[PDB]
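Chains as they are written, first to last, in the entry's author numbering: chain s, 1 to 274; chain i, 1 to 118; chain j, 1 to 118; chain q, 1 to 118.
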Amino acid sequence: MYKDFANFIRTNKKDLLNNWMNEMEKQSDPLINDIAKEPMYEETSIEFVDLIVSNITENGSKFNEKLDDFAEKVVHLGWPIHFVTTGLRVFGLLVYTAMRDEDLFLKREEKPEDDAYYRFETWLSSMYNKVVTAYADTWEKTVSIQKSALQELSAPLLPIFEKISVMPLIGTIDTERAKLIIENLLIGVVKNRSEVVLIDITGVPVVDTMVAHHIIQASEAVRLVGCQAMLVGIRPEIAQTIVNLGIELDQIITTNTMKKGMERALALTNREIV
Amino acid sequence: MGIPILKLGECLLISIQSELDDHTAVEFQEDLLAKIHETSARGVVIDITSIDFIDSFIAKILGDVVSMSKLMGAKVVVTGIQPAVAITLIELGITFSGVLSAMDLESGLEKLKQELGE
Amino acid sequence: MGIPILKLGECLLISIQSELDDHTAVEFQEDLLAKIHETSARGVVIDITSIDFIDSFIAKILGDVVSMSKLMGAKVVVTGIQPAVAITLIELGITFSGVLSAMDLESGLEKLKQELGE
Amino acid sequence: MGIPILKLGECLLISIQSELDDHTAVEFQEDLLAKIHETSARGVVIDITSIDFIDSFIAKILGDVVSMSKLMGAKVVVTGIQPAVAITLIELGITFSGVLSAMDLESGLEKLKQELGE
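Now the structure itself:
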């Protein structure tokens, strides 16, 4: 039941206000005081806790949307899952204290039993479950969109000259980025015909053994398709790793920087320098 | 059946449209060798565009075919080995495999024409 | 699967290896038309050397294909049409079959090169 | 302190006078890499005249330097690796060690100049 539960929430709201004034001291007092004033936070809390059980014992769509709004507001406000968990813990603490003091349960009886005594905790857990369910949706969505953006941005082959396809990569290449690089480079050289592909290594902070191995294999595969691969702008740490790999390092034709890499590629296409 | 030897311009063009391993490998190698010996062509041009799956078998078969053709004349894999099979070729059949022509058959004909004009 | 259409110098090459009825003729005409439509080639070259027996139906199919391609581009039956198939093609499918070489692929390719370069 | 990096013309010159085993080897490695990354010179020249005794570590480090700055430009080990150190380099550091100029730094500079001019 949700009616008498709301009738007792009419005082559990003041109990939770006491809970808030007890809890605000322990964690981030200046931050909480500065970001929002106490009366506004208190009224938001009582709105969140009072209309949850205003429906007929089943659910409420409007308050579900309000709970999602509260979850996103507390995510933006600086209350992660840990802070909401501390809030739930202090909620339980002050509910227990009020039970000791108020002693006014749901069902009318000269001495009520454990039924409502634990139905209170079950309803608290249900509210917390709904809150955490609404908590992670926006975070997962933004993680997904950021992952898609990094997936698309790692291998820009769009910079293209006449018979030249310069491919700059600047991020820290890991396993996934290395596989993405090789896949996109091969598919692009397939789609767009070319003769020289400049791989701009200048920018990557650290390349481990396997990433360097896959980059050299990318160069060899591009050569095997029929296009010279000029690995341009390699930095001494990457040279450290590449030679320490121990593979043969004569088929790759490197270059100090794209300034002269472009003109050397044009030199390969003898009459394209003009 | 599926090994279309074509002769033109004192060269030879061959094409693959079968995409299977065993009979393609054996019949292809024997037929290409038999023709390149029977008709004296300096440059033989091979096709891989249709192929979209390669294992170690066909990879080593192509390597041996290129080696033998080089043992009788100029050899080129005119069409770029597709990426899904380029990776397989480079992991196991580690070879330069003659000269290449960037998935352009006409480009390979031009390359062999200029290399035989000298 | 058995028709290796090839491109070189913005021309087109065909290779026929097996004869069949009601499947190969129709699939061949459809594939050749689709190819010559998607990639614009002003000269297409067809091959018959392998075949050694043609009835009325294949002869009519080849005549229709010749006129078909001539409706959008010059073509040639470059390959020697063998005496039996030549006699049958005259006897039932009465058509001059456009410009033809019918000696070997090289001769017709050279003829098309010299007729299209001008 | 022991790594006199000199830039003259469109080149880079180095003279070695430490012959120490580990510390000088690594500091020379790092200084040469930092200099070649800082200033872009197509040819770098290394001197080994002062040295007459080299163990495995220095030979490996020198081959590593050859690969290192070959990944960004041509080079010559101008000074003739002395007979003892040459033999040790062969028996341990098995490589061609880039282009060489055999003890005449004028000859090495001239060779690098004519290689860059063309």
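Built from N, CA and C at the ideal position, the CB exists for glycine as well.
What's the call for i:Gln82, buried or exposed, on a 16-neighbour Cβ count within 10 Å? Start at 1 with the first residue of the second sequence, and residue 82 of chain i comes out as number 82. With 16 or more Cβ atoms within 10 Å of its Cβ, i:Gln82 is classed as buried.
Below 9 Å on C-beta distance, what does s:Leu249 contact in chain q? The residue labelled residue 249 of chain s in the question sits at position 249 within the first sequence. The answer, in chain order, is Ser67, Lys70, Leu71.
Pull up the DSSP beta-bridge partners for s:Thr254, would you. Here residue 254 of chain s corresponds to residue number 254 of the first sequence, with the count starting at 1. s:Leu231.
Out of curiosity, what's the CA-to-CA distance linking s:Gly188 and q:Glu19? As a working note, residue 188 of chain s is residue 188 in the first sequence. As a working note, residue 19 of chain q is residue 19 in the fourth sequence. In this model, s:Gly188 and q:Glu19 are separated by some 50 Å (Cα to Cα).
Along the chain, where does the alpha helix (DSSP H) containing j:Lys75 start, and where does it finish? Translated into positions along the third sequence, residue 75 of chain j becomes position 75. That residue, j:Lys75, is in no alpha helix (DSSP H); its beta strand (DSSP E) goes 74-77.
Secondary structure at j:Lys60, three-state DSSP: helix, strand or coil? Within the third sequence, residue 60 of chain j is the residue found at index 60, counting from 1. Note: j:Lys60 maps to helix in three-state DSSP.
Just to check my reading of the structure: i:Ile16 and i:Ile48 have Cβ atoms closer than 8 Å, yes? What is that Cβ distance to the nearest angstrom? On the second sequence, position 16 is the one that residue 16 of chain i refers to. On the second sequence, position 48 is the one that residue 48 of chain i refers to. About 6 Å separates the two Cβ atoms, so the contact holds.
Beta-bridge partners of s:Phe161, as assigned by DSSP: Reading the first sequence from its first residue, position 161 is the one you call residue 161 of chain s. DSSP, once it has assigned bridges, lists s:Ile164 as partnering s:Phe161.
Thinking C-alpha only, which one of s:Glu162, s:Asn184, s:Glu176 is nearest s:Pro168? In the first sequence, counting from the first residue as 1, residue 168 of chain s sits at position 168. Out of s:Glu162, s:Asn184, s:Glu176, s:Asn184 has the C-alpha closest to the C-alpha of s:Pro168.
Which residue wins for smallest C-alpha separation from q:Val65, given the options s:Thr269, s:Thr202, s:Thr241, s:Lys111? Within the fourth sequence, the letter at position 65 stands for residue 65 of chain q. Considering only alpha carbons, the answer is s:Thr241.
From i:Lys70, i:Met103, i:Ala25, i:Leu116, pick the residue whose C-alpha is nearest to that of s:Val190; which is it? Here residue 190 of chain s refers to the residue found at position 190 of the first sequence. Here the closest residue by C-alpha is i:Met103.
Comparing alpha-carbon positions, which option in q:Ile3, q:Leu8, q:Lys7 lies nearest q:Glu27? Numbered from its first residue, the fourth sequence carries residue 27 of chain q at position 27. Nearest option by C-alpha distance: q:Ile3.
Using DSSP bridges, identify the partner residues of s:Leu198. As a working mapping, residue 198 of chain s is identified with position 198 in the first sequence. Beta-bridge partners of s:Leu198 (DSSP): s:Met230.
Range of the contiguous beta strand (DSSP E) that encloses i:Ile46: On the second sequence, residue 46 of chain i is found 46 positions in, with the first residue counted as 1. Taken as a continuous stretch (DSSP letters only), the beta strand (DSSP E) holding i:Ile46 covers 43-46.
Listed by chain order, chain j residues near i:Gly2 by CB distance under 7 Å: Locating residue 2 of chain i in the second sequence gives position 2, where the first residue counts as 1. Within 7 Å Cβ-Cβ: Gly2.
So that I know if they touch, is there some Cβ in chain q lying closer than 7 Å to that of s:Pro236? Reading the first sequence from its first residue, position 236 is the one you call residue 236 of chain s. True, the Cβ-Cβ gap to chain q drops below 7 Å.
State buried or exposed for i:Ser40, treating a residue as buried only when at least 16 other CB atoms are found within 10 Å of its CB. By one-based count along the second sequence, residue 40 of chain i stands at place 40. Counting Cβ neighbours within 10 Å, i:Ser40 comes out exposed, since fewer than 16 surround it.
Identify the contact partners of i:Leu100 in chain s, using a Cβ-Cβ distance below 9 Å as the criterion. What you label residue 100 of chain i is simply residue 100 of the second sequence in a count that begins at 1. In chain order: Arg223, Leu224, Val225, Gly226, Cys227.
Compare the C-beta of i:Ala34 against all C-beta atoms of chain s and say whether one is closer than 7 Å. In the second sequence, residue 34 of chain i corresponds to position 34, counting from 1. No, i:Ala34 lies away from the interface with chain s (no Cβ there is under 7 Å from its Cβ).
Using a C-beta cutoff of 7 Å, does s:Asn256 count as contacting chain q? In the first sequence, the residue the question calls residue 256 of chain s occupies position 256. For s:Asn256, the answer is yes, since a Cβ of chain q falls inside 7 Å of its Cβ.
Taking only beta-carbon positions, decide if q:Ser107 is within less than 7 Å of chain s. Within the fourth sequence, numbered from 1, the residue matching residue 107 of chain q stands at position 107. No - not a single Cβ of chain s is within 7 Å of the one on q:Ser107.
Cutting at 7 Å between CB atoms, please list the residues of its own chain near s:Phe91, excluding the five before and the five after it. For the purposes of this step, residue 91 of chain s is identified with residue 91 of the first sequence, where counting begins at 1. The answer, listed in chain order, is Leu16, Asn19, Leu124.
Residues of its chain near j:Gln29, where Cβ-Cβ distance is below 8 Å and the 5 sequence neighbours each way are ignored: The residue labelled residue 29 of chain j in the question sits at position 29 within the third sequence. Contacts found: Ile61, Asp64, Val65, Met68.
Closer than 7 Å between beta carbons: that is the criterion. Which residues of the region 35-60 of chain q meet it against chain s? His37, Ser40
DSSP state of i:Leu100, grouped into three classes? What you label residue 100 of chain i is simply residue 100 of the second sequence in a count that begins at 1. DSSP places i:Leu100 in strand when its eight states are reduced to three.
Are three or more beta carbon pairs between the region 50-58 of chain i and the region 77-97 of chain i nearer than 8 Å? yes
Distance, s:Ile160 Cα to s:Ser194 Cα: As a working mapping, residue 194 of chain s is identified with position 194 in the first sequence. As a working mapping, residue 160 of chain s is identified with position 160 in the first sequence. Approximately 9 Å, taken between the alpha carbons.
Touch check for the region 162-176 of chain s and the region 193-213 of chain s: three-plus C-beta pairs under 8 Å? yes
Which word fits q:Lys7, buried or exposed, when buried means at least 16 other C-beta atoms lie within 10 angstroms of its C-beta? For the purposes of this step, residue 7 of chain q is taken as residue 7 along the fourth sequence, with counting starting at 1. Flag for q:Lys7 reads exposed.
Report the rounded CA-to-CA distance for s:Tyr96 versus s:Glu42, giving the unit in angstroms. Here residue 96 of chain s corresponds to residue number 96 of the first sequence, with the count starting at 1. Here residue 42 of chain s corresponds to residue number 42 of the first sequence, with the count starting at 1. Approximately 20 Å between the Cα atoms of the pair.
If we cut at 7 Å on Cβ distances, does i:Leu8 have a partner in chain C? The structure shown contains no chain C; its protein chains are s, i, j and q.
By how many angstroms is the C-alpha of s:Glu113 removed from the C-alpha of s:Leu67? As a working note, residue 67 of chain s is residue 67 in the first sequence. As a working note, residue 113 of chain s is residue 113 in the first sequence. Spanning the two alpha carbons is a distance of roughly 31 Å.
Cβ of s:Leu106 within 7 Å of Cβ of s:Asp4? Mapped onto the first sequence, residue 106 of chain s falls at position 106. Mapped onto the first sequence, residue 4 of chain s falls at position 4. Remark: C-beta atoms of s:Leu106 and s:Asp4 approach each other more closely than 7 Å.
What three-state label does DSSP hand i:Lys7 in the structure shown? Sequence index remark: in the second sequence, residue 7 of chain i carries index 7 (1-based). Reduced to three states, the DSSP call for i:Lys7 is strand.
Assuming the contact rule is C-beta atoms closer than 8 Å, q:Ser97 and q:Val77 should be a hit. Round their C-beta distance to whole Å, please. For the purposes of this step, residue 97 of chain q is identified with residue 97 of the fourth sequence, where counting begins at 1. For the purposes of this step, residue 77 of chain q is identified with residue 77 of the fourth sequence, where counting begins at 1. About 6 Å separates the two Cβ atoms, so the contact holds.
Distance between s:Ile252 and s:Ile215 (C-alpha atoms, nearest Å): Working through the first sequence from its first residue, we reach residue 215 of chain s at position 215. Working through the first sequence from its first residue, we reach residue 252 of chain s at position 252. About 11 Å.
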